[PDB]
Visitor: 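First the structure, which I've put down as structure tokens, then a few questions once you've had a look.
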Amino acid sequence: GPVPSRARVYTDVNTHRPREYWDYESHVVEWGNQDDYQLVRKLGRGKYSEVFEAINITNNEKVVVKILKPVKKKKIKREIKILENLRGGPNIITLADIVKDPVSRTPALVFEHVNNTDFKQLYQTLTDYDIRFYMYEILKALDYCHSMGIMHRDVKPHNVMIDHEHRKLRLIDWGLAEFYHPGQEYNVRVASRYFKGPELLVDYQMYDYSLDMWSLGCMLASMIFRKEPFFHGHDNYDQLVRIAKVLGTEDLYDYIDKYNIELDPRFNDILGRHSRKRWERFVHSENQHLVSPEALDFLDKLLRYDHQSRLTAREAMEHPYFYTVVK
Ligand SMILES: O=C(O)c1ccc2c(c1)nc(Nc1cccc(C(F)(F)F)c1)c1nc(NC3CC3)ncc12
């Protein structure tokens, strides 16, 4: 069968935490007062919830309310426990309260409100400096959750809220986040298509924090190259082909061979043979001001097939790309 894998950092963080820390199934929710929050407007709807802008009438502060769809079960406690474990950490969204919604008959999570600019408008205005700055801010959030034994598993532009006025960033939607336990096999049906790591796309279940680093690399590529998303697959199979057209097929084979993984045979008629490309080919007159040798080297070190070969969040924060960012 497949060769096992372990995280190269924070491997045993949960192993040595009290059981209450990671055993979310036994978590007892502490309920707030549902009457404290008045819904103002629907912001949107996901497969798992509806999100509302609201006012906390005990301080007249704006907040956001995520009313969970009855979609799934102990997933609710998992998200709640993770939010509580990570609360107060750098750039982690703050869960302010949890109340029982009387209409949905489900829990409603109340989060701090971020006056953000949607990524669909923001990304085309970001300067070279902004990209490095905000990347560093995401890395703070990722090193924090990884150091706390948690992988996000859904890093993507929508989940990184940015208040461009106050230069403030929050990583949100921990609904797919999980605790890392060495040797544990995880569901590969996480992350948005364009941000799925090769490990998910080849159906390798013993993955780790390094998944988030692939996703971050996908975000970086889309920002510095001005192509969002960067790997634009039509389905999960084509997604791997898109990746292989850039990183090349020989290294994909080296990857699956290392872990004694077999590709889905459906790739036999679609994958082809592809050389690894140099990143410079994606540079052109309209994005060159966002590209530097430092950016290309950093991106190159995030986007590796082998999840064990990717930069960790902490290592990423040491990269020359961030030397120009004010500390
Ligand atoms: O899941 C969580 O952890 C979580 C935490 C915090 C927020 C959040 C989700 N979603 C928000 N917005 C949003 C907008 C459109 C669509 C959807 C969707 F999810 F798709 F329904 C959500 C949101 N918006 C703001 N401020 C915006 C300027 C009012 N602040 C915080 C959040």
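Reckoned from all heavy atoms, side chains included, excluding hydrogens, waters and symmetry mates. Position 1 is the first residue of the sequence, and the numbers go up from there. For ligands, and for the atoms within them, numbers begin at 1 and follow the listed sequence.
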Visitor: Would you say the side-chain atoms of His146 and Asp143 include a donor-acceptor pair closer than 3.5 Å?
Guide: no

Visitor: Kindly give the heavy-atom pair with the smallest separation between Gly233 and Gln239, and that separation in Å.
Guide: N-OE1, 2.9 Å

Visitor: Between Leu109 and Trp31, is there shared hydrophobic-cluster membership here, with clusters defined by ILVMFWY side-chain heavy atoms closer than 4.5 Å?
Guide: yes

Visitor: Grab the two heavy atoms, one from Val190 and one from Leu200, that are nearest each other, plus how far apart they are.
Guide: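 In this case the closest contact between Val190 and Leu200 is O-CD1, 3.6 Å.
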
Visitor: Could you list each nitrogen or oxygen of ligand 1 that sits under 3.5 Å from a protein nitrogen or oxygen, with the atom names and the distance?
Guide:
unit_1, atom_1, unit_2, atom_2, d
ligand 1, 1 (O), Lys66, NZ, 2.9
ligand 1, 3 (O), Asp173, N, 2.8
ligand 1, 26 (N), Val114, O, 2.8
ligand 1, 30 (N), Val114, N, 3.1

Visitor: Return the minimal non-hydrogen interatomic distance between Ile76 and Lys72, and the atom names on each side.
Guide: CD1-O, 4.3 Å

Visitor: Between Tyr259 and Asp306, do the side chains contain an N or O donor and an N or O acceptor separated by less than 3.5 Å?
Guide: yes

